[PDB]
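# Overview (structure and organization)
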Amino acid sequence: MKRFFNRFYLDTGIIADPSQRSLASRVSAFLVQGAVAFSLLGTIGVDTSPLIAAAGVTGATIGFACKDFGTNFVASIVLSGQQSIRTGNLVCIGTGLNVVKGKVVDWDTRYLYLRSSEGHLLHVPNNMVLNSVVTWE
Amino acid sequence: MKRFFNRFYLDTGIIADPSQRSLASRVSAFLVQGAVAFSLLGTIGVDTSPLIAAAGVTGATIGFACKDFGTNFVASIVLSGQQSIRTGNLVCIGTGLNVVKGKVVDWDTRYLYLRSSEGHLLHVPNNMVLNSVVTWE
Amino acid sequence: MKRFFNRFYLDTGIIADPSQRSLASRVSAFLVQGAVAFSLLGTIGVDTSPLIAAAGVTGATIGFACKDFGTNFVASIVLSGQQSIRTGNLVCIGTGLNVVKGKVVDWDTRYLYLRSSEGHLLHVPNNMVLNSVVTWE
Amino acid sequence: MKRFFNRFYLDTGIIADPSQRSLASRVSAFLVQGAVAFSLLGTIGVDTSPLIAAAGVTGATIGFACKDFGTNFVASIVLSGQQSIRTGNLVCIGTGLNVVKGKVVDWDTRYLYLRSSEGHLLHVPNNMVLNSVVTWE
Amino acid sequence: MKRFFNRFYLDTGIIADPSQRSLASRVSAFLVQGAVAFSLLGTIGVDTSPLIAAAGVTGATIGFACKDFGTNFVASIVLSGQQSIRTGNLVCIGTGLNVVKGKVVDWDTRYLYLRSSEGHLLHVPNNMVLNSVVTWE
Amino acid sequence: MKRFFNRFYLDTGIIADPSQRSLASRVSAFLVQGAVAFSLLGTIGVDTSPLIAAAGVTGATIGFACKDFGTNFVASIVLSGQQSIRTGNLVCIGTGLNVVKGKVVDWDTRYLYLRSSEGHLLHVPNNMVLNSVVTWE
Amino acid sequence: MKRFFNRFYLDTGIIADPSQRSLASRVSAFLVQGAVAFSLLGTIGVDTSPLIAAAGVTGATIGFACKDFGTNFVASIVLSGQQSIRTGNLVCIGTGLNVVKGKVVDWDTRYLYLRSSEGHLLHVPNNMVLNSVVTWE
């Protein structure tokens, strides 16, 4: 199932990094196999309610802890092909005092990289770029 | 079921982009078929509680990760036909220091495009336009 | 059931726009019929748990995506007959830097329209009007 | 049951407006009768799970949409008999730039009315009055 | 059970006002009796699922509406015996522009009362006092 | 079970105050005994669903009301042994206008005590210290 | 199971501190053993619903109390190998008035340590570093 999940992720373009793709495929295959095993165990008579409750609590806690990571990942997925965030573009994110200006040099799954006028590297989170006023110059 | 969902989305006007319409139709058809298959499996005696719990946890996590995307999409759906956000209109979004001014050039499902006095392109999120004071001039 | 829901909405005054009333009546009739059909299917032995879980997840996601729309609609419903927001009244919403001033020209289910001293049209969301200090002059 | 709910609301002082009291009594009687009918239907064998799920989803959505209305109503209920918010009192709500000053002229279930030095009428929400620094002069 | 709940509340010091103690005892006794009655009804065969769902929805809505009241009550309970908030003490709550200064004159279950240099009475919510920088002078 | 819970809390270092330790041990023993009694009652045939629903609603409301207290307690637990917050250290919490400066004199489970240059005592909540920029001098 | 969990945590790199690794292994082994014991008890006929409800409520309350700790831990896990946060690097976190500048001296699982121009030690939370504009110089 790992190969199937890797193929699905590669085809859909959700995940592009090979290491991240392998990790996600392993995790998804393990989760699906565990769910199938729990269903099979519950079919024959074993009470799966405590196991389901514990697994659900652990999964909810883990997903709530990784909220920012997930949000940044989704923002990076959505913003792809924006036609305004490209290499060499002079973009400006923010309005008012909280303003960020620079030239796009690289894009990541967690940060958007800009080069300032003084040569500094600016790490703008993708979630910040999503919920802000991007100014293309 | 893909054709039925595509027809429903096209008729209701919820989704207009053909690629987005096809993707949404495929996803909805797959989800409905999976729910029907799970119900059929649970009818004959298979314990579907672990599968339901896992699918619900995954769906909740995915929907919570795409919160901003969904909010922007809904805002773009609602704001359609505003009679104030039209091509060539001089609108101004915001009050105080966080102010954005320009002329509407194009509308998207994720951003509202304005042209500044200096010629810059402003990408205002639809969610920002919804919960703000739009000033038509 | 569509006619019954339309009559109920018209009598209670919750919805006034005929197009919105027809859409809401259709949606409510479809939802009630679907719930009745699911109950009937579950009576005869079909396991309705996966269908209920899927429908609940979809409904929760849709309702959470339309949070701002629902809030604005409820605010417009509540603020009706305020005796202070009337045509020709000089109202002022907000305190401090985030201040909005104008004369009320029209009311909508999504925006409150004011005319500035310079002639601009101000679109103040109803949710903003609810949770703010309205200053009648 | 409408008369019983009206008597309970009048005696407890939760609701004072006769129209609001009648509406709340009707709604509560209808809800209790519906719950009793659903329990009776489920006793004889009818699967009430889809109906319960649909009713719960609708009630949760409605209650979440009316969050601000409910909060203001509860604040108005709690603040009653404050001994500081009385007719003719010179109160001041807020600290810093977001300050509101005036003389109390009337109290409502949604707004607190103050008269400014220039004669303007200030509509301060009860929720704002609850979570703020009231300054009695 | 009303007397038992009154004794428990008085001994634990959670509630000190006799009227509030009587109201809380009545409410708790009614709730416990209702839960016992529902359990007894469900034992003999009556389907209690709709009643439980309705009661839970109503209780959740009521508890969410009284969020600020509950938070202030808990803050007043916790802050008791602070050794810094005493009669005649010159305390200062807040940092920056949102600053409040005065001498403590009285304590309530909803507000903390201070006397300003000009003689004004300041009503500082207990929740504000909890999540702020108290400056004892 | 009270002695067992007291020993566990003392060994793990979660709770250090003897009065708080005794109260927590009593509460935990009562809760565990109640859960065991409810399970035993449900084994013999008594429908425990209404009792479970009522207890869960009450516990959720209580835990949500004590959110700030719990957060401060957890922050005090985590920050222990920081090697930067010690007696006599000149620390500075905050950035910008909301800045607090002083010398650490004492630590509590609810506040962090600092002595200002003018001799005032500053009560900084532990939750504030956790989510802020501490500046050791 | 403690050794298995320790090996898993060490191999995945989620936890690096040996004391934290041992504590997490003990906690995970205890939780899994408890879930298995509850499932076994529920298989033979014992009603595990009250125990599951109590354990779930306690776990939810504990996880919600440790929200900031979990968020900081996840941020520290994610930010590892940033290639911009290294020893001796001159980084600047924040935009506007809330700005922090210094040279990285050490990294922790709860704070990021910077040395100011005046020699002060700055404790920047990892969650703050995640959701901010890092400026590498």
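Structure determination for the deposited model, as stated in its record, used cryo-EM, and the stated resolution is 3.21 Å.

Turning our attention to a nonpolar patch on the surface. All names here are of chain A. On the surface, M1, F4, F8, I14, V32, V36 and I77 cluster together to form a nonpolar patch covering roughly 550 Å² of accessible area. Mapped by element, the contributors of at least two residues to the nonpolar patch are helix 1 (2–12) and helix 2 (18–43). Considering the arrangement of structural elements, one finds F4 in helix 1.

Next up on the list: the packing of aromatic side chains. Residue and element names in this part refer to chain E. All told, the structure shown has 28 aromatic pairs over all chains when counted by the stated rule. The interplanar angle of 45 degrees and the centroid separation of 5.2 Å between the aromatic rings of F8 and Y9 together place this pair among those described as tilted. Given a relative accessible area of 35%, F8 falls into the partly exposed group. Measuring from ring centre to ring centre gives 6.5 Å for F69 and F73, while their planes differ by 80 degrees; the resulting arrangement is edge-to-face.

With that settled, the discussion passes to the layout of surface pockets. Of the pockets and cavities examined, the second largest pocket occupies roughly 500 Å³. As for the second largest pocket, its lining consists of 32 residues, and the residues nearest its centre are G94(F), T95(F), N98(F), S132(F) and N98(G). Taken together, the residues of the lining of the second largest pocket break down into 15 nonpolar, 17 polar and no charged.

Attention shifts here to the packing of helix 2 (residues 18–43) of chain B against helix 3 (residues 49–65) of chain C. Geometrically, a packed helix pair is captured by the angle between its two axes and the distance between the axes. Following both chains from N to C, one finds helix 2 of chain B and helix 3 of chain C inclined at 150 degrees, their axes separated by 7 Å at the closest point. With respect to their mutual orientation, helix 2 of chain B and helix 3 of chain C come out roughly antiparallel. Judged by residue contacts, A35(B), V36(B), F38(B) and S39(B) of helix 2 of chain B engage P50(C), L51(C) and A54(C) from helix 3 of chain C. Tallied by class, the residues present in the contact of helix 2 of chain B with helix 3 of chain C amount to six nonpolar, one polar and no charged.

Turning our eyes to something else, we now look at the side chain of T71(G). In this structure, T71(G) sits in helix 4 (residues 67–79). We classify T71(G) as buried; its relative accessible area is 13%. Once residues within four sequence positions are removed from consideration, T71(G) is found in contact with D68(A) and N127(G).

Turning to the UniProt feature "domain: Mechanosensitive ion channel MscS" (unreviewed entry) in chain A, a few remarks are in order. Within this structure's numbering, the places UniProt gives as "domain: Mechanosensitive ion channel MscS" (unreviewed entry) are residues 71–134 of chain A. The straight-line gap between the two end C-alpha atoms of residues 71–134 of chain A is 18 Å; of that span, 22% is helix and 36% is strand.

It is worth spelling out a positive patch on the surface at this point. Side chains of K67(A), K67(B), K67(C), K67(D), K67(E), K67(F) and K67(G) sit close together on the surface and give a patch of like positive charge. Look at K67(F) and you get partly exposed, because its relative accessible area is 38%.

Another aspect to go through is the pairing of strand 2 (residues 100–107) of chain F. Residue and element names in this part refer to chain F. Here strand 1 (residues 90–93) pairs with strand 2 via four bridges, running antiparallel. Directly across from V91, in strand 2, lies its bridge partner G102. Connecting strand 1 to the antiparallel partner strand 2 that follows it, the hairpin turn spans six residues, and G94 within it adopts a positive phi of roughly 110 degrees. Alignment of strand 2 against strand 3 (residues 111–115), held across four bridges, turns out to be antiparallel. Its bridge partner lying in strand 3, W107 is registered against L112. Turn length for the strand 2-strand 3 hairpin, with the two strands adjacent in sequence and antiparallel, is three residues.

With 28 residues of chain C at the interface, the matching set in chain D holds 26 residues. Broken down residue by residue, the surface that chain C buries against chain D is led by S39(C), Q82(C) and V133(C), which jointly contribute 19%. Summed over the shared surface of chain C and chain D, the number is zero salt bridges. Taken together, the links from chain C to chain D amount to nine residue pairs in polar contact. For the side of chain C that touches chain D, the secondary structure elements donating two or more residues are helix 2 (18–43), helix 4 (67–79), helix 5 (126–130) and strand 5 (134–136) of chain C. Across the side of chain C that touches chain D, the residue classes break down as 12 nonpolar, 14 polar and two charged. One ladder, built from three bridges, connects strand 5 of chain C with strand 4 (residues 121–125) of chain D; its direction is antiparallel. When the bridges of strand 4 of chain D are listed, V134(C) appears paired with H123(D).

We now examine the pattern of salt bridges. Residues and elements named next belong to chain D. Going through the model one piece at a time under the given rule, you end up with seven salt bridges over all chains. For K101, the salt bridge identified is with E137, shortest N-O distance 4.0 Å. Here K101 is found in strand 2 (residues 100–107), whereas its partner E137 is found in the segment after strand 5 (134–136), with 36 residues between them in sequence. Here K101 falls in the partly exposed class, since its relative accessible area comes to 47%.

As for chain E relative to chain B, no contact occurs, and the smallest C-alpha gap between them is 18 Å. At the level of C-alpha atoms, the two units chain C and chain G stay apart, their nearest approach being 18 Å.

Turning to the state of the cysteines, a few remarks are in order. This structure, assessed with the given rule, holds zero disulfides over all chains. The thiol of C92(F) is not disulfide-bonded; the next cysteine sulfur, from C92(G), is found 17 Å away. Given a relative accessible area of 11%, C92(F) falls into the buried group. Its sulfur unpaired, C66(G) is 15 Å from the next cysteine sulfur, which belongs to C66(A). Residue classification places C66(G) among the partly exposed residues on the basis of a relative accessible area of 28%.

The rules behind each value
Residues numbered from 1 in each chain as written, not as in the entry; some residues may be left out. Chains lettered and ligands numbered in written order. Heavy atoms only, no water. Patch = residues over 30% accessible without salt bridge, like charges linked within 9 Å, V, L, I, M, F, W, Y side chains within 5 Å. Areas by Shrake-Rupley, 256 points an atom, 1.4 Å probe, with all protein chains shown as cover. Salt bridge = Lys/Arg side-chain N within 4 Å of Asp/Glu carboxyl O. Helix = DSSP H or I, 4+ residues; strand = E, 2+ residues; numbered from the N terminus. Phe/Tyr/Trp six-rings, centres within 6.5 Å; stacked < 30°, edge-to-face > 60°. Buried < 20%, exposed > 50% of the residue type's maximum accessible area, 1.4 Å probe, protein only. 1 Å grid on protein atoms, 1.4 Å probe; cavity = no way out; pocket = protein on both sides within 12 Å on 5 of 7 lines; lining within 4 Å. Points joined across faces, edges and corners; volume = space filled by probe spheres on them. Nonpolar A, V, L, I, M, F, W, Y, C, P; charged D, E, K, R; others polar. Axes fitted to C-alpha atoms, helices over the stretch in contact; angles between N-to-C directions. Parallel < 35°, antiparallel > 145°, perpendicular 65-115°, else oblique. Contact = heavy atoms within 4.5 Å. UniProt positions renumbered as here; feature names shortened; annotations may be inferred. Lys, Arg positive; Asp, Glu negative; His and termini not counted. Charge placed at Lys NZ, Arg CZ, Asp CG, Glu CD. Pairing = 2+ DSSP bridges. Buried area = accessible area lost by both parts, 1.4 Å probe. Polar contact = N/O pair within 3.5 Å; in protein donor to acceptor, adjacent residues only side chain to side chain. Disulfide = S-S within 2.5 Å.

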